[PDB]
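Take a look at this one chain, the form deposited in one PDB entry, written out in structure tokens.
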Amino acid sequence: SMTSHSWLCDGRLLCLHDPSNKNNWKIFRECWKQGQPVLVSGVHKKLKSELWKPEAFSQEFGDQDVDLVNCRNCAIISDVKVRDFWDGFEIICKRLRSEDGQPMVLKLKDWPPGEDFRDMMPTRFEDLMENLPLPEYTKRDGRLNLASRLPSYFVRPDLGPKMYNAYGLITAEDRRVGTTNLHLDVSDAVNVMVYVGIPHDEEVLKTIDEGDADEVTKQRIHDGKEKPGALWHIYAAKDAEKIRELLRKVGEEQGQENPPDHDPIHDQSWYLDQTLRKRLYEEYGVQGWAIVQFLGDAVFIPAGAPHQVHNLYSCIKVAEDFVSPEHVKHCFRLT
């Protein structure tokens, strides 16, 4: 890369430019220790692109049974063949349709299942795990990954990467919907965008704009000609309780009958649309990071940080959990 790094979100987000640069840790840990997310671009240039095509997954694994989620209403489509998901990944009229006759925005639920990623896809496992940025943090045996070094007094993450596959959201009403709703995790994670399917183009730019993307990010589209995959909103762990207080208030306003100690973040049932994000800012002073994850971008999510994901197009992401020393406190089981 020409330069080692830059700053997105108007200076508030570190963006590293070379995913394999051995000096990345120096500037990374400076921002990581403050509870900030970090972005690393260019990972797709390190991978074998033919291994991350939706057509290839359908051909090699199409006969497996899976469950799908209708992102618009959270309904579950049970016990279908995974080729039913992949064959509609980019051709809309091949997609399963809802009772109202429209093609559904679908998320592939838990595939490969559990910890089976490595067993099912050995070559994809090697291709990714050998090219993850900041390897001392992210690799299973990295010197700064405590995942395999902590006693049972800490919540320890399951093994192997996960794959997250979902169609892109389309309409203006979809703008209030999430691919993955707001929640937090007790460990750190890195999430890599390995494929974006770009066949609506007007609503994508509008969604990015209303999502509060910065102008440098928008220039990655119009000048850099990069493919935007998903819109993230990430909030600092220290603001989690204020977010809960907002979502308890809104829930009551909407007639939900919840006990006063209800945890709407763990519930994973909310997506902060433009109205709620503006309200979170005006009434609680909480500001987040609005991140557009492009092809090859690796999003680093700090433990305890609430975060939500909104697919702009159909995406294939792969994520790996790890436990950094900076944030090990978030998986400790005692107060």
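The numbering used is simple: start at 1 and walk along the sequence shown.
The same protein has a further form, the form deposited with a small molecule bound, not shown here; the description that follows concerns it.
Shown without its partner, this chain lists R124, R175, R244, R72 as candidates; in the deposited complex, only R244 has a non-hydrogen atom within 4.5 angstroms of the small molecule. Checking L128, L146, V186, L106 against the small molecule in the deposited complex, a heavy atom within 4.5 Å turns up for just one residue: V186. In summary, the region of this chain contacting the small molecule in the deposited complex, judged by heavy atoms within 4.5 Å and restricted to 245-253, 178-186, 129-137, 115-123, corresponds to 178-186. Of the heavy atoms in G304, some are within 4.5 Å of the small molecule in the deposited complex.
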